[PDB]
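J.: What follows is run-v3.tsv, TSV, C-alpha atoms and all ligand atoms.
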chain	number	residue	atom	x	y	z
A	1	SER	CA	114.48	81.48	78.15
A	2	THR	CA	112.36	82.48	81.14
A	3	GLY	CA	111.96	85.40	83.51
A	4	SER	CA	110.56	85.75	87.02
A	5	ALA	CA	109.94	89.04	88.85
A	6	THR	CA	108.27	89.94	92.12
A	7	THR	CA	105.38	92.42	91.98
A	8	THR	CA	104.68	94.55	95.06
A	9	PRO	CA	101.54	96.48	96.08
A	10	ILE	CA	102.05	100.24	96.01
A	11	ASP	CA	100.04	100.78	99.20
A	12	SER	CA	98.17	98.98	101.97
A	13	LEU	CA	95.02	98.58	99.82
A	14	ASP	CA	96.61	96.92	96.77
A	15	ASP	CA	95.61	99.90	94.63
A	16	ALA	CA	98.18	98.76	92.07
A	17	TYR	CA	101.28	96.58	91.84
A	18	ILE	CA	104.77	97.61	90.70
A	19	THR	CA	107.44	95.36	89.20
A	20	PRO	CA	111.09	96.38	88.70
A	21	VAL	CA	112.22	96.56	85.07
A	22	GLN	CA	115.77	97.14	83.80
A	23	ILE	CA	116.03	99.54	80.85
A	24	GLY	CA	119.18	100.45	78.96
A	25	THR	CA	122.94	100.02	79.37
A	26	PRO	CA	124.03	100.38	82.16
A	27	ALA	CA	120.66	99.31	83.53
A	28	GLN	CA	118.22	101.93	84.75
A	29	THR	CA	115.68	100.23	87.01
A	30	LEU	CA	112.16	101.65	86.97
A	31	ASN	CA	109.11	100.29	88.80
A	32	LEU	CA	106.38	99.69	86.21
A	33	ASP	CA	102.70	98.82	86.46
A	34	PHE	CA	102.27	95.62	84.43
A	35	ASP	CA	98.98	96.12	82.62
A	36	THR	CA	97.26	93.27	80.71
A	37	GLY	CA	94.65	95.87	79.65
A	38	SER	CA	96.96	97.94	77.42
A	39	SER	CA	99.87	97.46	75.03
A	40	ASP	CA	102.30	100.38	75.50
A	41	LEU	CA	105.50	100.27	77.53
A	42	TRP	CA	105.93	103.90	78.58
A	43	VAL	CA	108.08	105.58	81.22
A	44	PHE	CA	108.66	108.81	83.03
A	45	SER	CA	111.82	110.17	81.49
A	46	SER	CA	114.29	113.02	81.19
A	47	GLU	CA	111.90	114.35	78.52
A	48	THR	CA	108.85	114.52	80.81
A	49	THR	CA	107.66	118.08	81.51
A	50	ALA	CA	109.41	118.92	84.77
A	51	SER	CA	106.28	120.17	86.57
A	52	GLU	CA	104.64	116.79	85.86
A	53	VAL	CA	107.34	114.75	87.65
A	54	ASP	CA	106.99	114.41	91.45
A	55	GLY	CA	109.17	111.66	92.90
A	56	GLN	CA	109.14	109.10	90.08
A	57	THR	CA	112.32	107.51	88.84
A	58	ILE	CA	113.03	108.59	85.27
A	59	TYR	CA	114.60	106.90	82.26
A	60	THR	CA	117.35	109.00	80.66
A	61	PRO	CA	118.01	107.65	77.15
A	62	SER	CA	121.12	109.81	76.70
A	63	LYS	CA	122.76	107.81	79.51
A	64	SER	CA	122.08	104.46	77.78
A	65	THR	CA	124.62	103.29	75.21
A	66	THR	CA	121.99	100.97	73.67
A	67	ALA	CA	119.22	103.58	73.31
A	68	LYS	CA	118.30	104.71	69.81
A	69	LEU	CA	115.67	107.27	68.89
A	70	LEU	CA	112.92	105.63	66.85
A	71	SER	CA	112.85	108.52	64.42
A	72	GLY	CA	109.46	110.06	63.76
A	73	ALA	CA	107.55	107.78	66.11
A	74	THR	CA	105.11	109.26	68.62
A	75	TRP	CA	102.56	107.81	71.00
A	76	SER	CA	99.49	108.98	72.89
A	77	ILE	CA	97.23	106.93	75.14
A	78	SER	CA	94.09	107.58	77.19
A	79	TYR	CA	92.96	105.06	79.79
A	80	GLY	CA	89.50	104.14	81.05
A	81	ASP	CA	89.91	106.26	84.21
A	82	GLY	CA	90.49	109.46	82.23
A	83	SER	CA	94.26	109.51	82.70
A	84	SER	CA	96.63	109.91	79.76
A	85	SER	CA	100.21	110.28	78.61
A	86	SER	CA	102.11	110.89	75.38
A	87	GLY	CA	105.60	111.34	73.98
A	88	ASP	CA	108.24	109.97	71.61
A	89	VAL	CA	109.96	106.59	71.33
A	90	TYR	CA	113.36	104.96	71.78
A	91	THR	CA	114.40	101.39	71.27
A	92	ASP	CA	116.53	99.92	74.03
A	93	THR	CA	117.30	96.74	75.92
A	94	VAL	CA	114.65	95.82	78.47
A	95	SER	CA	114.90	93.03	81.05
A	96	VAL	CA	112.26	91.67	83.41
A	97	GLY	CA	113.27	89.17	86.06
A	98	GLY	CA	116.26	87.95	84.06
A	99	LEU	CA	114.52	87.83	80.66
A	100	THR	CA	116.03	90.27	78.14
A	101	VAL	CA	114.56	91.76	74.97
A	102	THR	CA	116.74	93.86	72.69
A	103	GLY	CA	115.18	96.53	70.50
A	104	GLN	CA	112.12	96.99	72.69
A	105	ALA	CA	110.11	100.14	72.04
A	106	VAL	CA	110.40	102.27	75.18
A	107	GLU	CA	107.87	105.08	74.95
A	108	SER	CA	109.28	108.18	76.66
A	109	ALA	CA	106.66	110.45	78.18
A	110	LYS	CA	106.77	114.13	77.32
A	111	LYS	CA	103.41	114.68	79.04
A	112	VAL	CA	101.50	112.78	81.72
A	113	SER	CA	98.16	113.62	83.32
A	114	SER	CA	97.73	114.65	86.94
A	115	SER	CA	96.92	111.19	88.32
A	116	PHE	CA	100.29	109.91	87.09
A	117	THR	CA	102.19	112.88	88.52
A	118	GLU	CA	100.42	112.41	91.85
A	119	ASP	CA	101.47	108.75	92.15
A	120	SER	CA	105.16	108.81	92.98
A	121	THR	CA	105.33	104.99	93.19
A	122	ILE	CA	104.60	104.25	89.49
A	123	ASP	CA	107.39	105.05	87.04
A	124	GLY	CA	105.40	103.94	83.99
A	125	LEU	CA	103.37	101.11	82.50
A	126	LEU	CA	104.35	97.83	80.81
A	127	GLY	CA	101.48	96.76	78.57
A	128	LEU	CA	100.70	93.05	78.20
A	129	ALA	CA	97.53	93.11	76.07
A	130	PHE	CA	97.77	92.33	72.35
A	131	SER	CA	100.10	94.44	70.21
A	132	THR	CA	97.20	95.48	67.98
A	133	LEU	CA	96.36	98.03	70.73
A	134	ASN	CA	99.81	99.66	70.76
A	135	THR	CA	99.51	103.39	70.09
A	136	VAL	CA	102.87	104.15	68.44
A	137	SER	CA	102.49	105.98	65.12
A	138	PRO	CA	103.22	105.70	62.23
A	139	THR	CA	104.79	102.26	62.90
A	140	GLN	CA	102.96	100.25	65.55
A	141	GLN	CA	105.26	98.52	68.06
A	142	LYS	CA	105.20	95.15	69.81
A	143	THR	CA	104.77	94.53	73.51
A	144	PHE	CA	107.56	93.13	75.64
A	145	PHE	CA	105.80	89.75	75.72
A	146	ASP	CA	105.32	89.72	71.94
A	147	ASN	CA	109.03	90.47	71.43
A	148	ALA	CA	110.09	87.82	73.99
A	149	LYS	CA	107.64	85.15	72.85
A	150	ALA	CA	109.76	83.23	70.36
A	151	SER	CA	112.67	82.97	72.81
A	152	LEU	CA	110.55	81.76	75.72
A	153	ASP	CA	110.50	78.11	76.71
A	154	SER	CA	106.68	78.27	76.41
A	155	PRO	CA	104.73	81.23	74.94
A	156	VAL	CA	103.06	82.20	78.21
A	157	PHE	CA	103.24	84.55	81.14
A	158	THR	CA	101.54	84.13	84.51
A	159	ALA	CA	100.18	86.58	87.07
A	160	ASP	CA	100.18	85.53	90.75
A	161	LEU	CA	99.11	88.69	92.59
A	162	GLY	CA	99.12	88.81	96.37
A	163	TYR	CA	96.44	90.03	98.76
A	164	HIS	CA	98.12	92.72	100.82
A	165	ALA	CA	101.43	91.06	99.92
A	166	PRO	CA	103.89	90.71	97.03
A	167	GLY	CA	103.32	88.27	94.20
A	168	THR	CA	105.02	87.16	91.00
A	169	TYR	CA	105.01	87.63	87.24
A	170	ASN	CA	106.64	84.71	85.39
A	171	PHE	CA	107.49	84.59	81.69
A	172	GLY	CA	107.98	81.39	79.70
A	173	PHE	CA	106.99	78.77	82.28
A	174	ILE	CA	104.19	77.68	84.60
A	175	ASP	CA	105.34	77.25	88.23
A	176	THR	CA	103.44	74.12	89.27
A	177	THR	CA	104.19	74.84	92.95
A	178	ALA	CA	102.32	78.16	92.84
A	179	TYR	CA	98.74	76.86	92.72
A	180	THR	CA	96.49	74.14	94.10
A	181	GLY	CA	94.44	71.69	92.09
A	182	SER	CA	94.39	72.03	88.30
A	183	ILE	CA	94.42	75.02	85.94
A	184	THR	CA	91.16	75.43	84.01
A	185	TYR	CA	91.70	76.96	80.58
A	186	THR	CA	89.06	79.03	78.80
A	187	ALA	CA	88.79	80.58	75.35
A	188	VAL	CA	90.02	84.10	74.56
A	189	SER	CA	88.76	86.53	71.93
A	190	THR	CA	91.43	88.93	70.67
A	191	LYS	CA	88.95	90.94	68.58
A	192	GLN	CA	89.18	93.99	70.89
A	193	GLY	CA	92.89	93.48	71.62
A	194	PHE	CA	92.27	92.33	75.20
A	195	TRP	CA	92.50	89.06	77.10
A	196	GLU	CA	88.72	88.76	76.74
A	197	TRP	CA	86.94	85.64	77.99
A	198	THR	CA	83.53	84.52	79.25
A	199	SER	CA	82.91	83.59	82.86
A	200	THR	CA	80.27	80.94	83.43
A	201	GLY	CA	78.55	82.60	86.40
A	202	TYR	CA	78.82	83.70	89.98
A	203	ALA	CA	77.80	83.13	93.58
A	204	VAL	CA	77.52	85.52	96.54
A	205	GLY	CA	78.82	84.19	99.84
A	206	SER	CA	77.41	80.73	100.57
A	207	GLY	CA	74.60	81.25	98.06
A	208	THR	CA	73.73	79.09	95.09
A	209	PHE	CA	75.74	79.47	91.92
A	210	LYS	CA	74.00	81.38	89.13
A	211	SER	CA	74.93	80.04	85.69
A	212	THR	CA	75.18	83.01	83.34
A	213	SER	CA	77.70	84.08	80.73
A	214	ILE	CA	79.74	87.15	81.69
A	215	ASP	CA	82.09	88.44	78.98
A	216	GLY	CA	84.98	90.48	80.32
A	217	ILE	CA	88.71	91.11	80.29
A	218	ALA	CA	91.52	89.93	82.55
A	219	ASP	CA	93.14	93.27	83.42
A	220	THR	CA	96.00	93.39	85.92
A	221	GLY	CA	96.08	97.18	85.53
A	222	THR	CA	92.57	97.67	86.94
A	223	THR	CA	92.27	97.59	90.73
A	224	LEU	CA	88.65	96.45	91.17
A	225	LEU	CA	86.17	93.92	89.79
A	226	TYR	CA	83.64	95.57	87.43
A	227	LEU	CA	80.57	93.47	86.58
A	228	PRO	CA	77.02	94.01	85.31
A	229	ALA	CA	74.76	96.05	87.57
A	230	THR	CA	72.49	93.05	88.22
A	231	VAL	CA	75.39	90.99	89.60
A	232	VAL	CA	76.81	93.86	91.64
A	233	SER	CA	73.41	94.67	93.18
A	234	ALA	CA	72.96	91.03	94.15
A	235	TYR	CA	76.33	91.13	95.92
A	236	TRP	CA	75.86	94.36	97.88
A	237	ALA	CA	72.28	93.44	98.87
A	238	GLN	CA	73.94	90.92	101.20
A	239	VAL	CA	75.74	93.70	103.13
A	240	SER	CA	73.58	95.62	105.60
A	241	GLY	CA	73.73	99.33	104.87
A	242	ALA	CA	75.59	99.05	101.57
A	243	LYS	CA	74.44	101.45	98.87
A	244	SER	CA	75.54	103.03	95.62
A	245	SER	CA	76.67	106.62	96.15
A	246	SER	CA	76.70	108.97	93.18
A	247	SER	CA	78.81	111.48	95.13
A	248	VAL	CA	81.45	108.87	95.97
A	249	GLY	CA	81.25	107.15	92.58
A	250	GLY	CA	80.21	103.61	93.45
A	251	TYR	CA	79.06	101.19	96.10
A	252	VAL	CA	80.07	102.00	99.66
A	253	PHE	CA	79.42	99.96	102.78
A	254	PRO	CA	79.68	100.39	106.55
A	255	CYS	CA	83.27	99.84	107.59
A	256	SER	CA	81.87	97.77	110.49
A	257	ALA	CA	80.61	95.09	108.07
A	258	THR	CA	82.02	91.63	107.45
A	259	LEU	CA	81.89	91.16	103.68
A	260	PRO	CA	80.74	87.95	101.99
A	261	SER	CA	82.92	86.17	99.48
A	262	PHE	CA	82.24	86.31	95.74
A	263	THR	CA	82.72	83.32	93.44
A	264	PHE	CA	83.16	83.47	89.67
A	265	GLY	CA	83.06	80.57	87.24
A	266	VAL	CA	85.81	79.48	84.85
A	267	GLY	CA	84.24	76.70	82.85
A	268	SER	CA	83.11	74.14	85.41
A	269	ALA	CA	85.66	75.45	87.95
A	270	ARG	CA	85.15	78.14	90.57
A	271	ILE	CA	87.40	80.90	91.90
A	272	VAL	CA	86.46	82.25	95.34
A	273	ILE	CA	87.31	85.84	96.22
A	274	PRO	CA	87.34	86.13	100.05
A	275	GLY	CA	85.24	88.95	101.45
A	276	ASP	CA	88.27	90.79	102.84
A	277	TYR	CA	89.62	91.22	99.30
A	278	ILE	CA	86.55	93.37	98.52
A	279	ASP	CA	87.25	95.95	101.27
A	280	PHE	CA	89.00	99.08	99.92
A	281	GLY	CA	88.85	100.98	103.17
A	282	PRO	CA	87.47	104.34	104.25
A	283	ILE	CA	86.36	106.64	101.44
A	284	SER	CA	88.33	109.41	103.17
A	285	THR	CA	90.59	109.33	106.21
A	286	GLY	CA	88.57	108.65	109.35
A	287	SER	CA	85.31	107.89	107.55
A	288	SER	CA	83.16	104.95	108.60
A	289	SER	CA	82.00	104.53	104.98
A	290	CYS	CA	84.22	102.06	103.12
A	291	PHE	CA	84.66	101.70	99.37
A	292	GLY	CA	83.62	98.44	97.74
A	293	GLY	CA	85.87	96.29	95.58
A	294	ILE	CA	83.06	95.08	93.32
A	295	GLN	CA	81.54	97.88	91.21
A	296	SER	CA	79.21	98.20	88.27
A	297	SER	CA	80.63	98.14	84.73
A	298	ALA	CA	77.49	99.85	83.39
A	299	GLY	CA	79.28	103.08	82.45
A	300	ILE	CA	82.36	101.37	80.97
A	301	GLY	CA	81.18	99.23	78.05
A	302	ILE	CA	83.03	96.09	79.18
A	303	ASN	CA	83.27	93.96	82.29
A	304	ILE	CA	86.69	93.98	83.94
A	305	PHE	CA	88.21	91.16	85.99
A	306	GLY	CA	90.74	93.41	87.70
A	307	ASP	CA	93.08	92.76	90.60
A	308	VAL	CA	90.29	91.99	93.12
A	309	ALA	CA	89.41	88.93	91.02
A	310	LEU	CA	92.84	88.04	89.63
A	311	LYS	CA	94.60	88.05	93.00
A	312	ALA	CA	92.32	85.19	94.13
A	313	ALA	CA	93.85	82.96	91.43
A	314	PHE	CA	96.97	81.85	89.64
A	315	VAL	CA	96.37	83.17	86.12
A	316	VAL	CA	97.99	81.89	82.90
A	317	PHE	CA	98.10	84.22	79.89
A	318	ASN	CA	98.70	81.66	77.15
A	319	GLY	CA	100.00	83.40	74.02
A	320	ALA	CA	100.04	80.37	71.75
A	321	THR	CA	98.77	80.79	68.19
A	322	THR	CA	95.25	80.49	69.60
A	323	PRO	CA	95.53	82.35	72.94
A	324	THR	CA	93.72	81.10	76.02
A	325	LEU	CA	93.47	82.02	79.70
A	326	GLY	CA	93.99	79.64	82.60
A	327	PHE	CA	92.80	80.01	86.18
A	328	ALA	CA	93.74	77.95	89.23
A	329	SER	CA	92.99	78.38	92.91
A	330	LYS	CA	95.98	78.92	95.18
B	401	LIG	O1	94.28	105.73	73.81
B	401	LIG	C1	93.83	104.60	73.76
B	401	LIG	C2	94.13	103.72	72.49
B	401	LIG	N1	93.14	102.64	72.37
B	401	LIG	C3	93.14	101.86	73.64
B	401	LIG	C4	94.60	101.41	73.96
B	401	LIG	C5	94.72	100.63	75.27
B	401	LIG	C6	94.09	101.41	76.44
B	401	LIG	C7	92.64	101.84	76.12
B	401	LIG	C8	92.54	102.69	74.79
B	401	LIG	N2	93.09	104.08	74.90
B	402	LIG	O1	94.06	99.92	80.08
B	402	LIG	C1	93.84	99.92	81.33
B	402	LIG	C2	94.21	98.71	82.22
B	402	LIG	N1	95.10	99.20	83.28
B	402	LIG	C3	94.50	100.38	83.98
B	402	LIG	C4	95.48	101.57	83.88
B	402	LIG	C5	95.03	102.73	84.79
B	402	LIG	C6	93.59	103.15	84.45
B	402	LIG	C7	92.61	101.95	84.36
B	402	LIG	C8	93.10	100.76	83.45
B	402	LIG	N2	93.21	101.06	81.99
Output the file's structure in the form of structure tokens.
Ligand SMILES: O=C1CN[C@H]2CCCC[C@H]2N1
Ligand SMILES: O=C1CN[C@H]2CCCC[C@H]2N1

T.:
Amino acid sequence: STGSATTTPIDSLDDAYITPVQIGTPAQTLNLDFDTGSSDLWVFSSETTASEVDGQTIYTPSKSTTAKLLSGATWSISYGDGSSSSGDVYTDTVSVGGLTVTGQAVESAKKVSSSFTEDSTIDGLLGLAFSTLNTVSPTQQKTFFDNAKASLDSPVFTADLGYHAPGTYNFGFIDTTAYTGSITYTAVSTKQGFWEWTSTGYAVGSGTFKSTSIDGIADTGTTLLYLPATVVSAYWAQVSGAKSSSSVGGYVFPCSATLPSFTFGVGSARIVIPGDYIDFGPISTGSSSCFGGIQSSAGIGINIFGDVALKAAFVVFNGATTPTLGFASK
């Protein structure tokens, strides 16, 4: 089997991407944030505290003839940005772009933190990291990809995110019309449960390529590119007036600037992020200070190749017995 679904930016800055997902019988379609940095599929639901729902579409398990309470199971997750959610668990039929899994754990939120309530465009998350990170207790549950894997034509999914435009998540096949050149594959460590790999270096604008190993994760659920402070300083030094602002929480730059590109290495290959992809717009409405798309990972504990980096490439998440990642230009 295969599946193919379009993913759509939630706003004009590409702050996140949402993909429609069918849950239950008859189908209830919710728009989920596909997140290769976590492993829980959770949704706003009829069980979510009413004051914490503001415009999201909810899953109602009592209206699904295929829903079954997973008795005794609970879940609770906290993300790197301080947001969180928790609840109980149903199994139900879940379909993405024509690919159907029966018996998928659908984690129903009883509580969500303020940042989730305040984002009416995101109805929940669909985790695509390794199932070892799934938070369901006492019986850990598998991700949608893990459940689908054996049925897929090939044990892979691909992320093809757009810049200021929709893109595609495919399951079970590699669309050879969706990229240019060849796909360069690179080793993955699953020891932390992430799609963790090592970039071979970077360049700023037209500058010379610096060969240096940069360990990090491919995380579709993170908006920006988070890299070591040395690398990030070298980038922003090329932008007149750019500076790190403690009050804003990262590098800002004059909105009048033209940003340089940033290149990262994948083995001997190179992925070029155009400068415009690094512009996240005014820090507040009407400001002439703009927020940068490349930020330091120093306070995080891991480097994160988020959407800023991934959207410059066609990315293969190869879930074979030894997982690997593939990157192509497009
Ligand atoms: O609550 C948790 C459980 N352990 C991890 C799961 C994936 C997201 C990061 C972290 N947060
Ligand atoms: O596990 C993850 C990857 N996806 C994102 C969700 C929102 C907060 C940042 C990040 N945490």

J.: With a distance cut-off of 10 Å and all atoms listed in the file, select the neighbouring residues of residue 192 in chain A, excluding the residue or stretch itself and same-chain residues fewer than 4 positions from it, and output the selection as a list in words.

T.: residues 129, 130, 132, 133, 196 and 217 of chain A

J.: Please determine an axis-aligned box that encloses all atoms of range 134-151 of chain A listed in the file, with 4 Å added on each side, and express its centre and edge lengths in Å to one decimal as lines of an AutoDock Vina configuration file.

T.:
center_x = 106.1
center_y = 94.5
center_z = 69.0
size_x = 21.2
size_y = 31.0
size_z = 21.5

J.: Select the residues contacting ligand LIG 402 (chain B) at a distance of at most 6 Å, based on only C-alpha atoms and all ligand atoms, then format the selection as a list in words.

T.: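 Here is the list of contacting residues: residues 35, 37, 38, 79, 80, 81, 219, 221 and 222 of chain A.
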
J.: Suppose we keep C-alpha atoms; can you now write the selection as a PDB file, in the coordinates of the input?

T.:
ATOM      1  CA  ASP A  35      98.980  96.120  82.620  1.00  0.00           C
ATOM      2  CA  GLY A  37      94.650  95.870  79.650  1.00  0.00           C
ATOM      3  CA  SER A  38      96.960  97.940  77.420  1.00  0.00           C
ATOM      4  CA  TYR A  79      92.960 105.060  79.790  1.00  0.00           C
ATOM      5  CA  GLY A  80      89.500 104.140  81.050  1.00  0.00           C
ATOM      6  CA  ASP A  81      89.910 106.260  84.210  1.00  0.00           C
ATOM      7  CA  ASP A 219      93.140  93.270  83.420  1.00  0.00           C
ATOM      8  CA  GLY A 221      96.080  97.180  85.530  1.00  0.00           C
ATOM      9  CA  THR A 222      92.570  97.670  86.940  1.00  0.00           C
TER      10      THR A 222
END

J.: Considering only C-alpha atoms, can you say which of A:230, A:223, A:115, A:62 comes closest to residue 280 in chain A?

T.: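 Between A:230, A:223, A:115, A:62, the residue approaching residue 280 in chain A most closely is A:223.
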
J.: Neighbours of residue 269 in chain A within 12 Å (only C-alpha atoms; same-chain residues fewer than 6 positions away dropped), as an MDAnalysis selection string?

T.: chainID A and resid 181:186 199:202 209 211 263 313 326:329

J.: When distances are computed from all atoms listed in the file, which of A:276, A:160, A:15, A:40 shows the smallest separation from residue 131 in chain A?

T.: A:40
